[PDB]
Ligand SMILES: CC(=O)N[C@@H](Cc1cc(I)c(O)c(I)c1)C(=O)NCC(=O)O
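Single chain ahead, written as C-alpha coordinates, the form deposited without the named molecule.
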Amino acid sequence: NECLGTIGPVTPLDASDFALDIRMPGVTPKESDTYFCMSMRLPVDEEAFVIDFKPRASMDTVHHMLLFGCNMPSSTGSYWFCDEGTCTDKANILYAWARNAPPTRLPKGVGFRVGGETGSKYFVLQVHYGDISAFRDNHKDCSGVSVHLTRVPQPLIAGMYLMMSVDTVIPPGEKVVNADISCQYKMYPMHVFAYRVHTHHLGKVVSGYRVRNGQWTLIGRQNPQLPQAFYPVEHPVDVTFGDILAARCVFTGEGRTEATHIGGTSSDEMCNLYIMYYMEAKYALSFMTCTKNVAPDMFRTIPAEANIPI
(Lines give C-alpha, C1' and ligand atoms only; values in the text may rest on other atoms or scores of the structure.)
Protein backbone atom coordinates (compact mmCIF):
# COMPACT_ATOMS: atom_id res chain seq x y z
CA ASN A 1 0.00 0.00 0.00
CA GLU A 2 1.10 3.57 -0.92
CA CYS A 3 3.91 5.24 1.02
CA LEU A 4 2.38 7.86 3.33
CA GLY A 5 4.42 10.91 2.47
CA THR A 6 3.41 14.25 3.92
CA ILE A 7 0.75 13.03 6.34
CA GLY A 8 2.97 10.95 8.56
CA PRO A 9 2.26 7.58 10.21
CA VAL A 10 -0.18 8.77 12.92
CA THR A 11 -3.84 9.41 12.21
CA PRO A 12 -6.06 10.72 15.04
CA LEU A 13 -9.16 8.49 15.10
CA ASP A 14 -10.73 10.37 18.00
CA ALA A 15 -9.44 11.73 21.36
CA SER A 16 -8.87 8.29 22.84
CA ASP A 17 -8.04 6.41 19.61
CA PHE A 18 -5.47 6.64 16.86
CA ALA A 19 -4.15 4.57 13.97
CA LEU A 20 -0.39 4.04 13.58
CA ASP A 21 0.91 2.89 10.20
CA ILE A 22 4.02 0.70 10.31
CA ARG A 23 5.39 0.56 6.74
CA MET A 24 8.61 -0.41 5.01
CA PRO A 25 10.63 2.81 4.31
CA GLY A 26 10.36 2.54 0.54
CA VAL A 27 12.38 -0.66 0.09
CA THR A 28 13.46 -2.64 -2.94
CA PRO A 29 14.25 -6.36 -2.43
CA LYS A 30 17.21 -7.38 -4.61
CA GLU A 31 16.96 -11.14 -4.04
CA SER A 32 13.99 -13.48 -3.78
CA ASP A 33 12.90 -14.27 -0.22
CA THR A 34 14.23 -11.18 1.49
CA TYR A 35 13.27 -10.64 5.12
CA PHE A 36 13.31 -6.96 5.97
CA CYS A 37 12.65 -5.55 9.43
CA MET A 38 11.92 -2.10 10.76
CA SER A 39 10.80 -0.63 14.06
CA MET A 40 8.43 2.08 15.26
CA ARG A 41 8.72 3.60 18.71
CA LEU A 42 5.27 3.93 20.24
CA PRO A 43 4.14 7.59 19.91
CA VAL A 44 2.70 7.72 23.44
CA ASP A 45 4.59 6.66 26.55
CA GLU A 46 1.51 5.87 28.63
CA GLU A 47 -0.20 2.52 28.38
CA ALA A 48 -2.30 1.91 25.30
CA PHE A 49 -4.15 -1.09 23.93
CA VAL A 50 -3.85 -2.48 20.39
CA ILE A 51 -7.43 -3.33 19.33
CA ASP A 52 -7.24 -3.91 15.54
CA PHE A 53 -4.79 -4.41 12.70
CA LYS A 54 -5.25 -3.72 8.98
CA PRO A 55 -2.71 -5.15 6.51
CA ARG A 56 -1.33 -2.86 3.78
CA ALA A 57 0.40 -5.51 1.75
CA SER A 58 1.32 -5.65 -1.93
CA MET A 59 -0.46 -8.82 -3.09
CA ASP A 60 2.38 -9.57 -5.51
CA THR A 61 5.64 -9.55 -3.63
CA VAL A 62 4.66 -9.93 0.05
CA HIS A 63 4.56 -13.58 1.15
CA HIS A 64 3.94 -12.94 4.89
CA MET A 65 4.15 -10.14 7.47
CA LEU A 66 4.66 -10.37 11.24
CA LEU A 67 4.29 -7.56 13.72
CA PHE A 68 6.00 -7.82 17.13
CA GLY A 69 6.10 -5.76 20.27
CA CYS A 70 9.42 -5.33 22.11
CA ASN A 71 11.63 -2.91 23.96
CA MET A 72 14.86 -3.26 22.03
CA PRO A 73 14.68 -3.69 18.23
CA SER A 74 17.78 -5.51 16.92
CA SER A 75 18.91 -2.56 14.84
CA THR A 76 18.89 1.23 15.24
CA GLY A 77 18.53 1.55 11.47
CA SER A 78 15.75 2.56 9.05
CA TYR A 79 15.24 -1.06 8.15
CA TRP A 80 17.48 -4.15 8.18
CA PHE A 81 17.58 -7.82 7.22
CA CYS A 82 15.73 -9.76 9.91
CA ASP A 83 18.43 -12.41 9.80
CA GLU A 84 20.35 -9.84 11.88
CA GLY A 85 17.59 -10.16 14.47
CA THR A 86 14.13 -8.86 15.26
CA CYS A 87 14.45 -7.76 18.88
CA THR A 88 17.38 -8.05 21.30
CA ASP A 89 14.87 -8.65 24.07
CA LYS A 90 11.88 -10.94 23.64
CA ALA A 91 9.83 -10.37 20.52
CA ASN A 92 6.15 -10.67 21.43
CA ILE A 93 4.21 -11.49 18.28
CA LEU A 94 0.98 -9.60 17.95
CA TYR A 95 -0.01 -10.17 14.34
CA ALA A 96 0.75 -12.39 11.37
CA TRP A 97 -0.46 -11.81 7.80
CA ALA A 98 -0.09 -14.73 5.38
CA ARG A 99 -0.69 -14.25 1.66
CA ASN A 100 -3.43 -16.85 1.02
CA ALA A 101 -4.97 -17.29 4.46
CA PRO A 102 -6.64 -13.98 5.51
CA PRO A 103 -6.30 -12.94 9.18
CA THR A 104 -9.18 -13.09 11.65
CA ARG A 105 -10.08 -10.02 13.68
CA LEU A 106 -9.53 -9.80 17.44
CA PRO A 107 -12.78 -10.45 19.35
CA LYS A 108 -14.27 -7.11 20.40
CA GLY A 109 -13.40 -5.94 23.91
CA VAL A 110 -9.99 -7.70 23.59
CA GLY A 111 -6.72 -5.81 23.20
CA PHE A 112 -2.96 -6.27 23.63
CA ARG A 113 -1.51 -4.02 26.33
CA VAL A 114 1.47 -1.92 25.20
CA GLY A 115 3.45 1.12 26.36
CA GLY A 116 3.33 2.19 29.97
CA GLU A 117 5.91 0.77 32.36
CA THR A 118 5.65 -2.88 31.40
CA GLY A 119 4.34 -3.07 27.84
CA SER A 120 6.24 -2.89 24.58
CA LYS A 121 7.85 0.43 23.77
CA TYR A 122 8.42 -0.50 20.10
CA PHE A 123 6.69 -2.42 17.30
CA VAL A 124 9.00 -4.28 14.95
CA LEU A 125 7.58 -5.21 11.55
CA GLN A 126 8.90 -8.06 9.47
CA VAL A 127 7.96 -8.31 5.77
CA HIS A 128 8.88 -11.37 3.74
CA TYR A 129 9.32 -10.58 0.06
CA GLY A 130 9.05 -13.93 -1.67
CA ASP A 131 9.00 -13.46 -5.42
CA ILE A 132 10.65 -10.11 -6.16
CA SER A 133 9.64 -10.10 -9.83
CA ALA A 134 7.59 -6.90 -9.68
CA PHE A 135 10.71 -5.21 -8.28
CA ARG A 136 12.57 -4.91 -11.55
CA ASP A 137 10.85 -1.52 -11.90
CA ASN A 138 13.23 -0.87 -8.99
CA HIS A 139 10.28 0.69 -7.21
CA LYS A 140 10.36 1.32 -3.47
CA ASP A 141 7.95 -0.74 -1.34
CA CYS A 142 6.02 0.47 1.72
CA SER A 143 4.00 -2.60 2.74
CA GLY A 144 3.11 -2.86 6.37
CA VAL A 145 0.33 -2.89 8.94
CA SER A 146 -1.93 -0.17 10.31
CA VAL A 147 -2.48 -0.62 14.02
CA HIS A 148 -5.48 0.80 15.91
CA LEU A 149 -4.44 1.92 19.40
CA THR A 150 -6.69 3.18 22.21
CA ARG A 151 -6.04 4.47 25.74
CA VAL A 152 -9.43 3.16 26.86
CA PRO A 153 -8.69 0.07 29.02
CA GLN A 154 -9.94 -3.12 27.47
CA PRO A 155 -12.01 -5.61 29.47
CA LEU A 156 -10.12 -8.62 28.05
CA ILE A 157 -6.43 -8.67 27.47
CA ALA A 158 -4.76 -10.57 24.66
CA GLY A 159 -1.59 -12.50 25.29
CA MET A 160 0.52 -15.20 23.79
CA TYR A 161 1.38 -18.63 25.01
CA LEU A 162 4.39 -19.86 23.04
CA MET A 163 5.30 -23.52 23.14
CA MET A 164 8.72 -24.15 21.56
CA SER A 165 11.21 -27.04 21.29
CA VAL A 166 14.84 -26.30 21.98
CA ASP A 167 16.47 -29.75 21.85
CA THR A 168 15.12 -31.53 18.78
CA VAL A 169 17.55 -33.45 16.58
CA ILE A 170 16.39 -34.95 13.28
CA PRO A 171 18.78 -37.68 11.99
CA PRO A 172 19.28 -37.67 8.19
CA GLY A 173 16.76 -39.80 6.33
CA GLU A 174 14.85 -40.45 9.60
CA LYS A 175 11.26 -41.11 8.51
CA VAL A 176 9.65 -39.63 11.60
CA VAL A 177 10.97 -37.55 14.46
CA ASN A 178 8.53 -36.12 17.03
CA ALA A 179 9.18 -32.96 19.06
CA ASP A 180 7.04 -33.04 22.19
CA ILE A 181 6.49 -30.02 24.41
CA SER A 182 4.49 -29.93 27.66
CA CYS A 183 4.07 -27.72 30.72
CA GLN A 184 1.62 -27.41 33.54
CA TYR A 185 -0.39 -24.21 33.39
CA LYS A 186 -0.08 -22.19 36.62
CA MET A 187 -1.86 -18.89 36.06
CA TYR A 188 -5.41 -17.60 36.09
CA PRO A 189 -7.60 -19.06 33.35
CA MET A 190 -6.89 -18.03 29.75
CA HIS A 191 -9.16 -18.56 26.71
CA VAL A 192 -7.46 -19.53 23.46
CA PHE A 193 -9.03 -17.90 20.44
CA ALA A 194 -6.38 -18.26 17.70
CA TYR A 195 -3.16 -20.16 17.00
CA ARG A 196 -0.25 -20.10 14.58
CA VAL A 197 2.21 -22.90 13.81
CA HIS A 198 5.79 -22.45 12.75
CA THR A 199 8.26 -25.02 11.49
CA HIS A 200 10.69 -24.93 8.52
CA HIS A 201 10.70 -27.34 5.56
CA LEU A 202 10.84 -30.66 7.45
CA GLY A 203 7.59 -29.98 9.34
CA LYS A 204 4.63 -32.21 8.51
CA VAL A 205 2.03 -31.51 11.19
CA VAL A 206 2.02 -29.40 14.37
CA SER A 207 -0.69 -29.95 17.02
CA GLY A 208 -1.42 -28.45 20.45
CA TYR A 209 -3.85 -29.61 23.16
CA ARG A 210 -5.13 -28.84 26.61
CA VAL A 211 -4.86 -32.01 28.72
CA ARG A 212 -7.17 -32.21 31.73
CA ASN A 213 -7.64 -35.34 33.86
CA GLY A 214 -6.10 -37.26 31.02
CA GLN A 215 -8.48 -36.06 28.31
CA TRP A 216 -7.02 -34.26 25.30
CA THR A 217 -8.79 -31.18 23.93
CA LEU A 218 -7.50 -30.00 20.57
CA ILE A 219 -6.42 -26.38 20.47
CA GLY A 220 -5.13 -26.37 16.93
CA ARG A 221 -3.66 -28.68 14.32
CA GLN A 222 -2.10 -27.46 11.08
CA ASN A 223 0.33 -28.45 8.36
CA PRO A 224 3.14 -25.89 8.84
CA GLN A 225 3.72 -25.75 5.05
CA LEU A 226 0.32 -24.08 4.57
CA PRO A 227 0.46 -20.23 5.12
CA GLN A 228 1.40 -19.62 8.77
CA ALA A 229 -1.32 -17.18 9.75
CA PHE A 230 -3.10 -17.10 13.06
CA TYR A 231 -6.00 -19.48 12.53
CA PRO A 232 -9.08 -19.24 14.75
CA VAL A 233 -9.86 -22.14 17.06
CA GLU A 234 -12.83 -24.43 16.33
CA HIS A 235 -14.31 -23.58 19.75
CA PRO A 236 -12.89 -21.43 22.59
CA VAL A 237 -10.86 -23.53 25.02
CA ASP A 238 -10.11 -22.32 28.51
CA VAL A 239 -6.82 -23.46 30.04
CA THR A 240 -6.80 -23.52 33.84
CA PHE A 241 -4.50 -24.08 36.84
CA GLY A 242 -3.90 -27.80 36.85
CA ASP A 243 -4.16 -28.32 33.09
CA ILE A 244 -1.17 -29.27 30.99
CA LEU A 245 -0.54 -27.89 27.50
CA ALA A 246 0.90 -30.47 25.12
CA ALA A 247 2.19 -29.94 21.61
CA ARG A 248 3.85 -32.10 19.02
CA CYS A 249 5.59 -31.24 15.77
CA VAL A 250 6.12 -34.19 13.47
CA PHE A 251 9.27 -33.94 11.31
CA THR A 252 11.07 -36.11 8.78
CA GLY A 253 14.78 -36.16 8.00
CA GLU A 254 14.13 -37.36 4.47
CA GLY A 255 15.93 -35.23 1.93
CA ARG A 256 18.65 -34.30 4.44
CA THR A 257 22.11 -35.79 4.25
CA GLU A 258 22.85 -34.58 7.77
CA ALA A 259 21.12 -34.05 11.09
CA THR A 260 18.88 -31.04 11.52
CA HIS A 261 18.65 -29.39 14.95
CA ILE A 262 16.69 -26.40 16.30
CA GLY A 263 17.93 -23.18 14.79
CA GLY A 264 17.22 -20.00 12.92
CA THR A 265 18.40 -20.86 9.41
CA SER A 266 16.49 -22.79 6.72
CA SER A 267 18.91 -25.69 7.19
CA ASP A 268 17.75 -25.87 10.85
CA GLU A 269 14.28 -26.49 12.21
CA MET A 270 11.86 -24.97 14.67
CA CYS A 271 8.84 -26.32 16.45
CA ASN A 272 6.72 -23.35 17.50
CA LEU A 273 3.07 -23.19 18.43
CA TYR A 274 1.77 -19.69 19.17
CA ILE A 275 -1.38 -19.88 21.25
CA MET A 276 -3.20 -16.51 21.27
CA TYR A 277 -5.49 -16.01 24.20
CA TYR A 278 -7.50 -13.50 26.20
CA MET A 279 -7.82 -13.16 29.96
CA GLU A 280 -9.96 -10.97 32.22
CA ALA A 281 -8.14 -7.66 32.60
CA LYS A 282 -7.60 -7.99 36.38
CA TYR A 283 -6.14 -11.47 36.01
CA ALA A 284 -4.23 -11.02 32.76
CA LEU A 285 -0.57 -11.53 31.96
CA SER A 286 0.67 -10.79 28.43
CA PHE A 287 2.91 -13.77 27.64
CA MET A 288 3.83 -17.26 28.83
CA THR A 289 6.34 -19.69 27.42
CA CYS A 290 6.91 -23.43 27.46
CA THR A 291 10.23 -24.75 26.23
CA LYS A 292 10.07 -27.98 28.28
CA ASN A 293 8.52 -31.43 28.22
CA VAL A 294 7.41 -32.20 31.77
CA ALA A 295 5.05 -35.05 30.87
CA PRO A 296 6.83 -37.17 28.24
CA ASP A 297 4.83 -40.29 29.06
CA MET A 298 1.52 -38.49 28.69
CA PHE A 299 2.21 -38.53 24.97
CA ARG A 300 1.40 -42.23 24.80
CA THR A 301 -2.18 -40.97 24.86
CA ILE A 302 -1.93 -38.26 22.18
CA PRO A 303 -4.75 -38.37 19.65
CA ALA A 304 -3.75 -40.25 16.47
CA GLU A 305 -4.56 -37.13 14.40
CA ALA A 306 -1.45 -35.59 15.94
CA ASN A 307 0.65 -38.04 13.95
CA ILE A 308 -1.27 -38.17 10.70
CA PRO A 309 -0.67 -35.30 8.29
CA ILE A 310 -3.40 -32.89 7.21
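Numbers for residues come from their place in the sequence shown, where the first is 1.
Keep in mind the form solved in complex with the named molecule is missing from the figure; the text below concerns it.
Only one segment in the set 173-181, 219-227, 72-80, 140-148 has any non-hydrogen atom within 4.5 angstroms of the named molecule in the deposited bound form, and it is 140-148. Checked against the named molecule in the deposited bound form, the residues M40, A57, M279, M270 give one hit for a heavy atom within 4.5 Å, which is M270. Of the listed positions (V205, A101, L162, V233), a single one reaches within 4.5 angstroms of the named molecule by any non-hydrogen atom in the deposited bound form, namely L162.
Among residues of the shown chain, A91 is one whose heavy atoms approach the named molecule to within 4.5 Å in the deposited bound form. Using a 4.5 angstroms limit between non-hydrogen atoms, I275 is distant from the named molecule in the deposited bound form. At a distance threshold of 4.5 angstroms between non-hydrogen atoms, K121 is out of contact with the named molecule in the deposited bound form.
Among residues of the shown chain, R113 is not one whose heavy atoms approach the named molecule to within 4.5 Å in the deposited bound form.
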